[PDB]
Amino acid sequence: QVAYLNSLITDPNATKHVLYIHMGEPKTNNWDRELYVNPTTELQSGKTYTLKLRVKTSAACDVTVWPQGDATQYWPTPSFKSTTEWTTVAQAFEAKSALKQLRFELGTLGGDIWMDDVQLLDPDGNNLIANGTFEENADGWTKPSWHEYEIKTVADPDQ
């Protein structure tokens, strides 16, 4: 009872938690620093999916996202933009094949990136992101083992 009642309390100034990557200096290629998440249902060819999230970076940038199955989808994608203040993102794209992974291409970026409230909605509205709130951890978010950075969750920096 007590746990449930606590969970229902709205409180905008309670500590929020977000995904945080300290990227450091820019690398040479897009693919030199990648962050991965897998939709809980494989994306289907011909269906349009909408990536929603809020994002903040230490410098204004484009954030490239390539969906991936047996082939990579370079266009159209849910790639988006970030600024130094939290902004909301909503980007739709039609899958052109069966896609099982979203690749965040962070290689050419420098500094810091924070993300939160990540959703991926199929045409009916089903959310295919298992862990988009980061209030416990960043389970489900991975990287190549040889990419030397840490995937963390932290208190929202702008609170």
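All residue numbers are counted from 1 along the displayed sequence.
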{"property": "Mean C-alpha temperature factor, higher of 113-121 and 53-61", "result": "53-61"}
{"property": "101-109 or 23-31, whichever carries the higher mean Cα B-factor", "result": "23-31"}
{"property": "Residue, from 91, 131, 45, 38, that the PDB entry assigns the highest Cα B-factor", "result": "45"}
{"property": "Where the record places residue 83 (Cα B-factor, split into thirds across the chain)", "result": "highest"}
{"property": "Within-chain third of residue 9 by Cα B-factor, per the entry", "result": "middle"}
